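Report on one structure; see the data block that follows.
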Amino acid sequence: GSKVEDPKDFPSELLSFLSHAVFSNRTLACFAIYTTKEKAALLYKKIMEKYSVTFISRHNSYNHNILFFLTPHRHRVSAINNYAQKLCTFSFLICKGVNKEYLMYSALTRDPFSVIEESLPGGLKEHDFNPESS
């Protein structure tokens, strides 16, 4: 009746370009963590060196923040999932993977998603994404 509603997953807004499958067999190098803000900050200084994040930006959605973060080597969302899971003993946790990095972080920077911080001077813009009808 009043307690802010907790998010059980990503909003249909970013559901236009995501992975979803958690036990799939594809190796993705881009992931989008979605959890309380204090959480994204803990995984920002952590993954920053665990996967040499190709780019990590903390964005603002409606209730919590989405710590976006890429990675060089390849990893199944099941492995990176164990990462965001090891950090789920102080609040809810909704880490997921991403198939289209550029697009994803794109709708995240444009309303209704605001931007908080990021290691890149212009968001992802990493020189290792993939092309696609746009």
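Readers should treat all values here as calculations from the given coordinates under stated rules, not as data from a laboratory. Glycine gets a Cβ as well: all are built from the backbone with ideal geometry, and neighbour counts include every protein chain shown.
Among the residues making up region 1-35, those that are of a type in the set (S, T, N, Q) and more than 12 Å from the chain's Cα centre (by Cα) are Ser2, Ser12, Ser16, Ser24, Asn25, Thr27. Filtering region 76-125 to residues that are surrounded by fewer than 19 Cβ atoms within 10 Å (Cβ to Cβ), of a type in the set (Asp, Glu) and under 15 Å from the mean Cα position of the chain (by Cα) leaves only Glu117. Among the residues of region 1-32 satisfying the criterion of being in contact (Cβ under 8 Å) with a residue 60 or more places away in the chain, closer than 14 Å to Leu108 by Cβ and of a type in the set (A, V, I, L, M), which is surrounded by the fewest Cβ atoms within 10 Å (Cβ to Cβ)? Applying the filter and picking the extreme gives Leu18.
Considering region 1-30, and only residues there that are assigned to a helix (DSSP H, G or I) and among the aliphatic types (A, V, I, L, M), the residue that is nearest to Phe68 (Cα to Cα) turns out to be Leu14. Of all the numbered requirements in (1) in contact with a strand residue (DSSP E or B) (Cβ under 9 Å, 6 or more places away or on another chain); (2) outside any strand (DSSP E or B); (3) under 25 Å from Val4 (Cβ atoms), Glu126 misses one, and that requirement is (3). Taking into account only those residues within region 33-50 that are surrounded by 20 or more Cβ atoms within 10 Å (Cβ to Cβ) and touching a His at 6+ places or on another chain (Cβ under 9 Å), which is nearest to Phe10 (Cα to Cα)? The residue in question is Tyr34. Residues that are part of a helix (DSSP H, G or I), under 17 Å from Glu118 (Cβ atoms) and in contact with a strand residue (DSSP E or B) (Cβ under 7 Å, 6 or more places away or on another chain) within region 42-79 comprise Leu43, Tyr44, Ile47, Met48, listed in sequence order.
In summary, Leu67 fulfils each of the numbered conditions (1) touching a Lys or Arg at 6+ places or on another chain (Cβ under 9 Å); (2) surrounded by fewer than 18 Cβ atoms within 10 Å (Cβ to Cβ); (3) more than 21 Å from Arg26 (Cβ to Cβ) with the single exception of condition (2).
The set of residues in region 65-104 that are in contact (Cβ under 8 Å) with a residue 60 or more places away in the chain and over 17 Å from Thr35 (Cβ atoms) comprises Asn99, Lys100, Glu101, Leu103.
The set of residues from region 19-48 being out of contact with any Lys or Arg (no Cβ under 6 Å at 6 or more places or on another chain), within 21 Å of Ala79 (Cβ to Cβ) and hydrophobic (A, V, I, L, M, F, W, C) comprises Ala21, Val22, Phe23, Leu28, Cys30, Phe31, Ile33, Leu42, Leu43, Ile47, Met48.
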